Every structure is written in structure tokens, then in C-alpha cells.
Amino acid sequence: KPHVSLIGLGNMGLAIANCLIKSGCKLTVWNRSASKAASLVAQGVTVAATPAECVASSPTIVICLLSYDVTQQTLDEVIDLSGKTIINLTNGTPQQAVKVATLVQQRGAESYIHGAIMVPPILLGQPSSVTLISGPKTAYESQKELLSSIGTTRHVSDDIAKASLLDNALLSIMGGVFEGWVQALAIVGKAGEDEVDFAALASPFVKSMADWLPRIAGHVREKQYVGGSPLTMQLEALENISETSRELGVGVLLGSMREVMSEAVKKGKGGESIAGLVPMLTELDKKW
Amino acid sequence: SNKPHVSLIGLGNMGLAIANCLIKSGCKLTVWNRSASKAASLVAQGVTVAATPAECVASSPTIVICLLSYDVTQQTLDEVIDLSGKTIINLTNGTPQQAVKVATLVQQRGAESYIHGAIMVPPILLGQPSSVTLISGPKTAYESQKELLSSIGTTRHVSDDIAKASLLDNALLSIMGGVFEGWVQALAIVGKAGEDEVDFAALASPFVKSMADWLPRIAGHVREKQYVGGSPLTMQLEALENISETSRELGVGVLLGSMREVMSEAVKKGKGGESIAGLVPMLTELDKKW
Ligand SMILES: NC(=O)c1ccc[n+]([C@@H]2O[C@H](COP(=O)([O-])OP(=O)(O)OC[C@H]3O[C@@H](n4cnc5c(N)ncnc54)[C@H](OP(=O)(O)O)[C@@H]3O)[C@@H](O)[C@H]2O)c1
Ligand SMILES: NC(=O)c1ccc[n+]([C@@H]2O[C@H](COP(=O)([O-])OP(=O)(O)OC[C@H]3O[C@@H](n4cnc5c(N)ncnc54)[C@H](OP(=O)(O)O)[C@@H]3O)[C@@H](O)[C@H]2O)c1
Ligand SMILES: C[C@@H]1CCN(Cc2ccccc2)CC1=O
Ligand SMILES: C[C@@H]1CCN(Cc2ccccc2)CC1=O
Ligand SMILES: C[C@@H]1CCN(Cc2ccccc2)CC1=O
Ligand SMILES: C[C@@H]1CCN(Cc2ccccc2)CC1=O
């Protein structure tokens, strides 16, 4: 039984706690709301009064909090991380990973690795589970056996910030897929159709879209914006989604997409493909 | 003689793809386009170019329309006053009510029948059996046009209701607009960070097919009004905010504004603990641009 500490017992933190218990370690936990540890006490888990007491109990510290800001608040009075390895599974930006790595190095930590869990809690540890890890290969290799408790890990880079970079890119795709899906189900539901029958009809079409993504990535890399689906036509179809929604009394998402396509047309990029939109983003810090 | 007579109105990206599919399947084609020069590649293959929309419709018993919009369709059919003995196949993207408006316009003018279709692939994939076109309108009219329409791929008759193909088109294109908004954001981030877009597409591929798998479960939750799970909107909104900050760190713009705005309002209305299924009632109960 290796000693492990866990900071954070939210939806994901409790899923992590159960995986670590199942795999046979001596777990110490801390959470702002100590009552979230109730389901772990029967399984032989120690609840530490403070973040400092939690970190003192183990050589390996797992963190799964809401955000970077909560992480820095929680680590404020954790003064001695000498001989400790930090595994940070908290979502944030590439620079926020560098900021926590620096905070823990300043306090004597042996090593920092960052992970992005890419499944909901119920899939953690199951065969469908993937976690992206970044940081020094020797530190990943040191932790690989512990980390197997939460499912498959993918070492994506020795650069501490890269798991968060890739996390933020993949969650952009997830955000967009869910924005389109919520809009779709709102339309079909208000129109009196069955959402589950709609999902069956849709799923072929959605897997076809996923097959197009690598061709689009190649066009973006190669700056090849010519094809058979110009932004003028795409924008006309997005405008018809708004009017379909208005006709039904349903609200309208995809506003940022309409605004960036509208400006692309004004810049004379109306004849380009969807690849044409990437340069609209890469050259200007703006919320569309 | 042998080959069926077919008229096509519109020779844009998709209209030209249709023209080539109809030629290849062995039909006798008459075309009209605002820009007559778009027919140059069809004239060798033996197609007739009509001077006006009316003369085009006069040449054939079956009329295919593939124009930009309803507004352009209405304008283009302004002087098409006689549709007696003509079946109308409208493949122009528009709203459910615009499909009803065109069906009524062509009835008034004596059309035999009207079906609406939504092509769900780019022009280069038209004619592949795997390319699906959704068709709505009278079953008998669809069944009589099924052999002609097999030129452009596999057709799926979704409803006798003329407006249904456009309803389902607008819903499927909502998903495509979302997917592409997220994909453009993702490629802007990884590109500006100096990563390879093509290796990122490969890394991403598993993760995106996993999401398609989650959609029927979410649809069930929305139908059953089950909004409780392990991925609360407060946590999802924090992650979306970190996409904005990641982008700002790279000097890159940010999309997904409507998604941040509707999740913020959910959190404000006490639905911060709910799953993504909890957003659907935010849309269904209020006409609003987020
Ligand atoms: N849930 C998922 O589906 C999912 C999937 C992939 C990744 N993740 C990532 O996992 C991380 C944790 O998310 P979660 O789903 O566990 O979120 P959650 O259920 O909302 O839990 C958030 C955690 O942060 C703590 N926290 C929030 N504000 C705090 C504060 N001001 N001070 C101290 N602690 C505070 C909470 O403590 P209390 O219990 O006291 O509120 C809880 O431990 C996030 O970075 C998220 O992006 C989640
Ligand atoms: N990937 C795709 O291209 C795709 C996929 C699925 C469905 N669709 C649907 O197919 C339809 C046709 O799109 P497309 O790709 O062919 O677009 P496109 O290449 O922009 O062509 C638009 C067509 O409409 C004509 N047009 C535009 N404004 C006009 C006006 N004011 N008066 C008369 N004609 C006018 C154009 O004539 P000119 O040639 O003279 O400009 C052209 O024939 C759309 O409803 C679209 O949503 C397209
Ligand atoms: C697959 C899981 C499911 C919850 N996701 C939370 C989330 C964050 C941002 C946008 C949508 C969903 C993180 C994941 O990667
Ligand atoms: C709207 C987007 C623009 C890029 N297209 C890429 C593509 C995919 C398959 C075949 C050709 C082009 C897919 C689309 O329809
Ligand atoms: C794949 C093709 C590309 C043009 N599409 C129009 C469109 C509309 C909204 C958002 C993106 C693309 C329809 C399609 O099925
Ligand atoms: C962020 C969204 C919220 C609904 N989730 C549905 C889901 C998918 C698989 C297993 C459980 C729940 C997927 C997500 O992660």
C-alpha cells in the first residue's frame, strides 16, 4: 500500500479517490466541504483537517480542484513539498500549469506532472477512459503504475504545459459539438419530433463530419482555402438556422460563428472554405 | 428517345455537381444559371443552355432547383408562370416555412407535384452511394423520382410533410456549425502554439468519435428531462473560460461566445448543477440570440 494524498472531492475528485482505493493505496483526502469524504470513510480513507496536513501524509499528491485560482488559494499555506511529487489533474491554461509547477518547485517539490482527464467521472478507470499527461518522462514513468488506477494514460510531451494546451484544443471541439447539439435538439423537440429518433438519424452524419476533420487540418496547415463549400453559402445556411429557430420560438446559439463568417465575407474571403476561418482567429485577439 | 428529359435551375458549386451526376446517369439535361458561363463544362457533354428560367422549365417534365436561398428561388421563378405537367424537386437550403411557400407557389402555377430535398455532403461527394439526401413530400412523387435521384447518391424519404427535410436539414446543420466552430478554435490554438494540425487531427480522432457516441444518451436525457450527472455546467463554464484565457495567452481570437452566454444564464437561473441536457430548456422556452 503506497501512501497517496488527494486534494479535491468534487465529481471528478471522488471518482479519482474510488480508483486509487480500488488499486490498493493508503489514501488521505482534503476537500473544502469535508462531508464529500463520507462515502470514503468506510473504505479506510483518512480525512486531513487542512491542505498542509493532507500533503504531509504522503510522498505523492494528486490535485483535482475546479480551477487554477482555487489551486493557488488551496496551496497558499502548504509550505514544504520536499520529497513530494505533484500530479495536477485540474483543468486550466498552459501558463496556469507553468504557474503551479513554479509554486510547487519553490516549496521544494521533487517533480510536477499535469494531466487532463478526457471522460466524465463514471468512465474513470473503465476501458473507455483516457488521461493526457505532460511533464518529464522519468516523472511520468515513476507515476505510470499509480496512474493506471484511472485508466489509460497518454504521455503527450515532456513540456509541463502541453497536456493543458491539448486539453483546451479538444474542449474547444467538445464545446462546439455540444453548442450545435443543444441547438439541434431544441429545434427538433419544439417541432414535436422525438430527440432519440433524431439522434439515430443524426449519428451517421456526425461520424461523416469527424472523417472530414483531418482533410480540413491539412488544408489549414497548407493554407489551401479553395473548395466547393464557400463561406457565403455556409453563412446563408446558418442564417436559415436562426430563422427556423425564430419560426418555432426557440433560442439561437452559434452567434460567434455567424459573426466571424460575416466579417470573413467583408474581408473578401467569402469564396473560401471553413479552413479560411483559422487565419481570422490566429491574427487578432478578439471575442466574436 | 431513351434518356429522360430533366431541367436544372442553378449551376453553383452544388448545381454543377448535380448536373454532372444527372449527365453521368444518362439523362437529357437542360440548364439555366444567372451566370450562363457556369454551363461551359456541360456544353461538351451535350447539355442545352436555356435563355431564361421559363424556357428551361418548358424543356422537361422534371425540374431540379439548386439555388442559394428561398429569396433567390422566389426571384428566379418570378416569370415561370406555367408548371402544368411538371414535377418540382427543390434542393435549395431554407426554413420549414419557405418549403411550404415554394410548394404553394408551384401548386398555384399548376405543378403536378413538389418534393424538397437536403443534400448533406459537399459537391465532390455527390453521387457516392454513401452520400445521403433527405427527401420530404408525397411518397408517390418520391417513389416516381427515386431512380433519377439515385444519380446523386442514397435518398432517405423522411416524411410525407413537405417541410420536414428542411426541419431536419436545419437541425443537422446546427450540429455541423457547432463542430466546425469548435474545430476552427482548436486548430487556431494548436497552430499558433506551433503544433502540427495534421498530427493534432490524428490525436483528436478517437476523442471526437467518443463524443458522437455520447449524443444518443444526451438526447434520451433531454426527452426524459433528466439533468443530473457528474459534469455540472459551473465546471463546464470554468473550462470554456479557460479556452478564452488560453487563446488570449497565444494572441488568438475566441469563438463559442453563445455557449458561454447560455451557460452563464443557466448558472444564474440555479441550473449550475445540471448537465449539458439542462441547456435545451434554456432554448425551447424563449426566442433569443445568445
Ligand atoms: N466532471 C467532469 O466531467 C470532468 C471531466 C474532465 C475533467 N474535469 C476537471 O476536473 C476538475 C474538477 O472538476 P469536478 O467535476 O470535480 O468539479 P466539481 O464537482 O464542481 O468540483 C470542484 C472542486 O473544486 C472545489 N472548489 C471549488 N471552489 C472552491 C474554493 N473556492 N475553494 C476550495 N475549493 C473549491 C470543490 O470543493 P467543494 O466540494 O467544497 O465544493 C470541489 O472539490 C475540473 O478542473 C474539471 O475541468 C471534470
Ligand atoms: N457544400 C455545398 O456547396 C453545399 C452542401 C449542401 C447543400 N448545399 C446547398 O445547395 C444550395 C446551392 O449552394 P451552392 O454551393 O451551389 O452555392 P453557390 O456555389 O454560391 O451557388 C449559388 C447559386 O445560386 C445562384 N444565385 C445566387 N444569387 C442569385 C440571384 N440573386 N439571382 C439568381 N441566382 C442567384 C448562383 O448563380 P451565379 O452562378 O450566377 O452566381 C448559383 O447558381 C444552397 O442552398 C446550399 O445550402 C450546398
Ligand atoms: C469528457 C469530459 C466530459 C466533461 N467535459 C467538461 C467539459 C468542459 C468544457 C466543455 C464541455 C465539457 C470534460 C471532459 O473532457
Ligand atoms: C463546410 C465544410 C468545408 C470543408 N469541407 C471539407 C471537405 C470534406 C470532404 C470532401 C471535401 C471537402 C467540408 C465542409 O463541408
Ligand atoms: C457538408 C456540406 C457543406 C455545406 N454545408 C452548409 C453548412 C451550413 C452551416 C454550417 C456549416 C456548413 C452543408 C453541407 O452538408
Ligand atoms: C459534458 C457532458 C455532459 C453529459 N455527459 C454525458 C455522458 C456521457 C457518457 C457517460 C455519462 C454521461 C457527457 C458530458 O461530459
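In what follows, every chain begins at residue 1, and chains take the letters A, B, ... in the order their sequences are listed. No hydrogens, no waters, no symmetry mates; every other heavy atom, side chains included, goes into these values. Indexing begins at 1, ligand by ligand and atom by atom, following the structure's order.
B:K269 and B:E265 are not joined by a salt bridge, as no carboxylate oxygen comes within less than 4.0 angstrom of a charged side-chain nitrogen. Under a 4.0 Å N-O distance rule, the pair A:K162/B:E195 qualifies as a salt bridge.
The line from CE of A:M174 to CH2 of B:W214 is 4.5 Å long, rounded to the nearest 0.5 Å.
B:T234 does not count as a contact of ligand 1, since none of its heavy atoms falls under 4.0 Å from the ligand. The closest approach between any non-hydrogen atom of A:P121 and ligand 1 is below 4.0 Å.
Atom CZ of A:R107 sits in a crowded spot, with more than 12 heavy atoms from other residues, nucleotides or ligands closer than 6.0 Å. Within a 6.0 Å sphere centred on CD1 of A:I79, other residues, nucleotides and ligands contribute more than 12 heavy atoms.
Looking at A:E53, its side chain never comes within 3.5 Å of a backbone N or O of A:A48 through a donor-acceptor pair. Within the 3.5 Å criterion, the main-chain N or O of A:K36 finds no donor-acceptor partner in the side chain of A:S33. Put simply, the side chain of A:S157 never gets that close to the backbone of A:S134: no donor and acceptor are under 3.5 Å apart.
Not a single side chain to side chain donor-acceptor pair (under 3.5 Å) links A:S172 to another residue, sequence neighbours left out. A search for salt bridge (charged side-chain N to carboxylate O under 4.0 Å, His left out) contacts involving A:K207 returns B:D213, not counting sequence neighbours. Looking at residues two or more places apart in sequence or on another chain, you find a side chain to side chain donor-acceptor pair (under 3.5 Å) between A:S58 and A:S5.
In this structure, a donor-acceptor pair under 3.5 Å is present between the side chains of A:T90 and A:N88. For the residue pair A:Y140 and A:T153, a side-chain donor N or O sits within less than 3.5 Å of a side-chain acceptor on the partner.
Here atom 46 (C) of ligand 1 lies nearest to B:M235 when heavy atoms of A:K36, B:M235, A:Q73, A:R32 are compared. Heavy-atom proximity to atom 42 (C) of ligand 1, evaluated over A:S35, B:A239, A:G13, A:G10, is greatest for A:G10. Proximity annotation for atom 7 (C) of ligand 1: of A:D167, A:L89, A:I117, A:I117 comes nearest, heavy atoms only. Of all the listed residues (B:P232, B:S275, B:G230), B:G230 holds the heavy atom that lies closest to atom 1 (N) of ligand 1. Residue nearest to atom 11 (C) of ligand 1, selected from A:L65, A:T90, A:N91, A:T71: A:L65 (by heavy-atom distance). Selection from A:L123, A:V70, A:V119 by nearest heavy atom to atom 34 (N) of ligand 1 gives A:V70. Between A:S33, A:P51, B:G272, it is A:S33 that holds the heavy atom closest to atom 40 (O) of ligand 1.
Heavy atoms of A:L66 found under 4.0 angstrom from ligand 1 belong to the backbone as well as the side chain.
Considering only non-hydrogen protein atoms, atom 16 (O) of ligand 1 sits nearest to A:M12 N, 2.9 Å. With respect to atom 3 (O) of ligand 1, the closest heavy atom belonging to the protein is B:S231 OG, 2.7 Å. With hydrogens left out, the protein atom closest to atom 43 (O) of ligand 1 is A:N31 OD1, 2.8 Å, a heavy atom.
Protein heavy atoms are absent from the 4.0 Å sphere centred on atom 9 (C) of ligand 1.
The shortest N/O to N/O separation between A:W30 and ligand 1 does not fall below 3.5 Å. For A:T74, no nitrogen or oxygen atom sits less than 3.5 Å from a nitrogen or oxygen atom of ligand 1, counting backbone and side chain alike. Any N or O atom pair closer than 3.5 Å counts here, and A:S67 shares no such pair with ligand 1.
Pocket lining of ligand 4, defined as residues with a non-hydrogen atom under 4.0 Å away: A:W212, A:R215, A:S229, A:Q234, A:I274, B:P122, B:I124, B:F180.
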**Request:** Begin with the C-alpha distance, continue with both residues' side-chain angles, and end with the deciding distance and a verdict on side chain to side chain donor-acceptor pair (under 3.5 Å) for B:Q185 and B:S247.
**Result:** CA-CA 9 Å; B:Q185 183 69 51; B:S247 295; 3.2 Å; yes

**A:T93 vs B:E245, side chain to side chain donor-acceptor pair (under 3.5 Å): CA-CA, chis, key distance, verdict** = CA-CA 7 Å; A:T93 77; B:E245 187 64 4; over 6 Å; no

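Below 4.0 Å from some heavy atom of A:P120 lie the following atoms of ligand 1, by number and element: 3 (O). The contact set between ligand 1 and A:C64, taken as ligand atoms under 4.0 Å from a residue heavy atom, comprises 10 (O), 11 (C), 12 (C).
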